[PDB]
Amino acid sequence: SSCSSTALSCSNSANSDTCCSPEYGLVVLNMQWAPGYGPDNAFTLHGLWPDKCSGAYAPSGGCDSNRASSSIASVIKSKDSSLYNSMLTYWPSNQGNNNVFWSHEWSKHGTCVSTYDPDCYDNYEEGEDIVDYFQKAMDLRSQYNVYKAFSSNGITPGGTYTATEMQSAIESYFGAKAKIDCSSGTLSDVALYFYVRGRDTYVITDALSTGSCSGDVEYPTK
């Protein structure tokens, strides 16, 4: 009875049961501002990537080949219609091929979250782990609203802002530095770094890099 909840990944208190404390203890939530994809008032998801505590990446081919998949859109569609519909809105592939995008994120990163290993479920049915993972990430993109962090500090779409004011809004709103990346001086992605308390309560921590945005950054309308 229990999954030891004060356990914090990357600390002297992580319990060795990889079903109750993630093996890749440092996780980054990568969200992007792609014009033409998702709501006007929201960053959409790129992925939830588990990393080593030193920030080193996990195996580039994922961590469970037997669990890799190139059919993630029909697996989610059949296990959960609502989760499939939310993903079309909040996790669109900015390259017009959702199934290849979601299959890559599941295979390379999803297999590396040990709390969703099938041996952790006391009564497992196929596809349980996949839905837990896509749902945990969607929830985090919702709960960590970067668009609200910027607007509340007067940074809205369709303006030129300084990278410096952008970091203060993320820093003051969430209490941690994020990795803000630009492409040709236009904002493109924002990533938030985390630690896990117990099985899956994310605790934010400072990004291990402030990112490529520097100077005046354009924040376009979607």
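Numbering starts at 1 and follows the sequence shown.
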query	finding
Which of 84-92 and 141-149 has higher mean CA B factor, as the PDB entry lists it	141-149
30-38 versus 58-66 - which carries the larger mean C-alpha B factor in the record	58-66
Residue with highest C-alpha B-factor in the PDB entry, from 186, 172, 156, 44	172
Third of chain Cα B-factors occupied by residue 79	highest
Chain third (lowest, middle, highest) by recorded CA B-factor, residue given as residue 71	middle
Residue 178 - Cα temperature factor, lowest/middle/highest third of chain	highest
Chain third (lowest, middle, highest) by recorded CA B-factor, residue given as residue 127	highest
Ranked C-alpha temperature factor of residue 105 among modelled chain residues, by third	lowest
